[PDB]
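Worksheet for the structure shown next.
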Amino acid sequence: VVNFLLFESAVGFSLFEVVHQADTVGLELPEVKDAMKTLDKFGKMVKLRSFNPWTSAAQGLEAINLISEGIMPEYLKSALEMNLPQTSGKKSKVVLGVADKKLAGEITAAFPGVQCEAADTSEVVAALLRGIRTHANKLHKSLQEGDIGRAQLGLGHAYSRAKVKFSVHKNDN
Amino acid sequence: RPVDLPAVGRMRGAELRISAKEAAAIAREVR
Amino acid sequence: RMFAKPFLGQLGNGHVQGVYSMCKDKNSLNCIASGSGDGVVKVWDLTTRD
Amino acid sequence: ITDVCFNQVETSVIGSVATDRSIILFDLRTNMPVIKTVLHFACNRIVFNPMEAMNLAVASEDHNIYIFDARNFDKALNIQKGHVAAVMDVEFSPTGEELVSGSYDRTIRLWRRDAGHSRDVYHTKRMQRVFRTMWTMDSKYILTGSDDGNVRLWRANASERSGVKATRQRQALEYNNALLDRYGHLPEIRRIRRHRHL
Amino acid sequence: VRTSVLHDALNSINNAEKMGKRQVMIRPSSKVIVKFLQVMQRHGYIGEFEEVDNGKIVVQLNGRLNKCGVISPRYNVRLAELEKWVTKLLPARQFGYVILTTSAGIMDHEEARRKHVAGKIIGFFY
Amino acid sequence: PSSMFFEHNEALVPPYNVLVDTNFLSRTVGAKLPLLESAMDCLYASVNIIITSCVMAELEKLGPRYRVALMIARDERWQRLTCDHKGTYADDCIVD
Amino acid sequence: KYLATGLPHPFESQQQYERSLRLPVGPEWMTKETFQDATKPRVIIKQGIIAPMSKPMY
Ligand SMILES: [Zn+2]
């Protein structure tokens, strides 16, 4: 049973709040797969709760080079402090759904009241984040300034160049 | 034909009759 | 009566001899187990029934 | 003592059946038996209702399901009679309003709680006998452990597909169900809704 | 008349396992029948039986067995013969058992290979 | 197909993949004959011995008279090739 | 064949049953709010673990 879920993309990270959660026994069923296909039957499942864009491409570069290595960033901790109900897990918990297992462990260690479900382990949150990645252009378009294609393009170039150190020994042009 | 029926002798009800040659044939096969 | 089609699937290859006991997990939602007649038990996950 | 079942609603109340054709209760708080009733035929399995703490169901060799009240064992609250061979397993739905019974012939029978007769019957040439049937915690799908070595996953509400429906889709389905609740007893509607291939 | 009361009992067990009943009334009882059903109950092909007296036997069966049989001339068998007799009587070496009246009693062929004793083949089930 | 030199299949080298039909399986249980041991004694090579779900389906569709052959087929050490088609007809499944 | 052969189970009188149906359910004859309130199902099952009830509600 999922309550909220994180979703990080190149323009920023947004957390959705699930209402009418997905059936977990009939996940391999054709009617439920068609529901995950169609936006008119998956937007009933997800409702956009919060959005945090980057301030700059330097912050987006730091975001990938923290998230891919596993460690969560301070502004992700900030937005989770802002959006999640402040609890400690003694009598009531909040189930968050995240894509990566190391990020799950760190969010659970930073917030003791938030139980995280990784998409690498749990098939329900895997199918649910898969549907959000499918329809991610239309779920954000009311506050998607511009597009996502050039943002992903420039951010993949910046991430690859920071990993490779390309400009310091490419000079022949 | 039934699959479960054994191959040594004839079967009638729950009684399986083995002729004296067939129990000798198994003792020949062992030796 | 036309769209009454109740059979959905079968968990894995099954057992060798018959299934004489089985029990769900009442806390989880996709944890099943089944113990057969030749004394082998299996724990199934309902999300991956292969 | 053949079967044992903790009451999930009222903790520390344990029901059991035994081959004396009897059901026995147990209070775990004061560790002793409580009451014992002898029925006419042997009971294969006891189970409790997950929404009503006092109601139980025994699947019994009388081809029958007896819904009993644990406070007054004088009479059965309900008697479900639809089978052909003995009933092997009974299981309440987690909503507490339906029942699955796997029988010793090749049948699963789906029941409402107040019905007294079959809502559905499930069968298959490959299914050899039925020994253990139980719901999933969705209360939408049922599982059947057979004597063919197969665990099968059926659905209750055989004509109701799962997933997210549009509003004009689930309104058509709810409208059809309410309309059958009203006009389900007329002769043409009755014979077509009761016809099932056994 | 079949003096083999063991064969009459085993015929009744086969008729019930075919007809899908859940108990029988083996009307002439014995002691070799009780030992036979003791081995079948060890290997789980029969639930629970009781000998009531006038006596007769009530045999709760699980619905797990396929066939019972007696070997009518009761041939003598050594261990090196016992392997070939098992693989010629049973459909598979891992399915079903052959019953032996040994000097250590009445037992299955796996218990005979455990206890290193040979004997006469009396019956089989699978 | 590659590895075919004029009706000589060069793709089959041991361990031999052997598909089993229901007729062969019923008769090799009827002839008191162990399946993998007799296949290895026939080919003098290690077989891996597979059964399609259509073959398992026809063995299950035959009644409880064939429960022994069903258990023999349902031995765990063999590969089970799941089929993605409708009719569960073993001949057309094996030929396709 | 369109008449009913006997009284349904809870009903005790011909006037009771034949006057208790009396109103069409459909959306042509009733308003949208009435149609929704009259075809709401009795048991409303949402998705999830339907665990047995922990403590008494009333
Ligand atoms: Zn196929």
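Protein chains in written order, with the working numbering: chain A, 1 to 173; chain H, 1 to 31; chain L, 1 to 50; chain V, 1 to 198; chain S, 1 to 126; chain W, 1 to 96; chain Z, 1 to 58.
The beta carbon of each residue, even a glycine, is placed where N, CA and C say it ideally should be.
C-alpha gap between residue i and residue j, whole angstroms
i	j	result
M134 (chain V)	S13 (chain Z)	40 Å
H195 (chain V)	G184 (chain V)	13 Å
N3 (chain A)	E17 (chain A)	6 Å
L25 (chain V)	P33 (chain V)	6 Å
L10 (chain S)	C23 (chain L)	35 Å
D40 (chain A)	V19 (chain A)	14 Å
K67 (chain S)	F125 (chain S)	6 Å
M30 (chain Z)	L70 (chain W)	59 Å
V8 (chain H)	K88 (chain S)	7 Å
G149 (chain A)	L59 (chain W)	55 Å
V19 (chain L)	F95 (chain S)	17 Å
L43 (chain W)	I72 (chain W)	21 Å
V29 (chain W)	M36 (chain A)	47 Å
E81 (chain S)	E110 (chain S)	14 Å
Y45 (chain S)	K46 (chain Z)	44 Å
DSSP-derived helix/strand/coil call for residue i
i	result
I35 (chain V)	strand
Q115 (chain A)	strand
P2 (chain H)	coil
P24 (chain Z)	coil
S12 (chain S)	helix
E12 (chain Z)	coil
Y16 (chain W)	strand
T38 (chain A)	coil
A57 (chain V)	strand
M30 (chain Z)	coil
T108 (chain A)	helix
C42 (chain W)	helix
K120 (chain S)	strand
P50 (chain V)	coil
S146 (chain V)	strand
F92 (chain V)	strand
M25 (chain S)	strand
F36 (chain S)	helix
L81 (chain W)	strand
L139 (chain A)	helix
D91 (chain W)	helix
Pick from the options that is closest to residue i, judged by C-alpha positions
i	options	result
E62 (chain A)	A:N173, A:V168, A:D172, A:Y159	A:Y159
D89 (chain V)	V:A166, V:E174, V:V17, V:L179	V:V17
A70 (chain V)	V:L77, V:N78, V:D62, V:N55	V:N55
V32 (chain A)	V:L186, V:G163, V:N177	V:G163
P53 (chain A)	A:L15, A:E81, A:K44	A:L15
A162 (chain A)	A:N173, A:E74, A:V1, A:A57	A:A57
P52 (chain Z)	V:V9, V:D20, V:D62, V:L143	V:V9
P91 (chain S)	W:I94, W:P1, W:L25, W:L12	W:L25
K47 (chain A)	A:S122, A:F7, A:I148, A:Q59	A:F7
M107 (chain S)	S:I122, S:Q94, S:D53, S:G55	S:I122
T102 (chain S)	S:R93, S:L79, S:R42	S:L79
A22 (chain A)	A:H157, A:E106, A:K102, A:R130	A:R130
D91 (chain W)	W:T52, W:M40, W:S2, W:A45	W:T52
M19 (chain S)	S:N62, S:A112, S:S29	S:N62
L46 (chain L)	V:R129, V:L99, V:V151, V:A76	V:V151
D20 (chain V)	V:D147, V:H117, V:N7, V:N44	V:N44
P24 (chain Z)	V:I108, V:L179, V:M127	V:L179
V18 (chain W)	W:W78, W:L33, W:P64	W:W78
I71 (chain A)	A:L96, A:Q115, A:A110, A:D172	A:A110
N76 (chain S)	S:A16, S:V34, S:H7, S:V117	S:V117
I67 (chain V)	V:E97, V:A85, V:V84	V:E97
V121 (chain V)	V:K165, V:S139, V:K81	V:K81
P50 (chain V)	V:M127, V:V38, V:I189, V:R113	V:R113
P73 (chain S)	H:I26, H:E29, H:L16, H:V30	H:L16
Integer Cβ distance of residue i from residue j, believed to fall under 8 Å
i	j	result
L155 (chain A)	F51 (chain A)	That belief does not hold up - the Cβ atoms of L155 (chain A) and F51 (chain A) are roughly 17 Å apart, past 8 Å.
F11 (chain Z)	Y17 (chain Z)	4 Å
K120 (chain S)	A104 (chain S)	Between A104 (chain S) and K120 (chain S) the Cβ distance is about 13 Å, and since that is not below 8 Å, they are no contact.
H63 (chain V)	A86 (chain V)	6 Å
- Task: Mind the definition here: the segment 22-37 of chain A touches the segment 19-31 of chain L only if three or more C-beta pairs lie below 8 Å; say whether that holds.
- Result: yes
- Query: Is the segment 24-34 of chain V touching the segment 5-13 of chain V in the sense that three or more CB pairs, one from each, lie closer than 8 Å?
  - Reply: yes
- Message: Under 8 Å: do the segment 97-104 of chain V and the segment 3-21 of chain H share three or more Cβ pairs, one atom per stretch?
- Response: no
- Message: Taking contact to mean 3 or more Cβ pairs, one atom from each stretch, closer than 8 Å, check whether the segment 81-96 of chain W and the segment 3-12 of chain W are in contact.
- Response: At 8 Å Cβ cutoff, the stretches do not touch.
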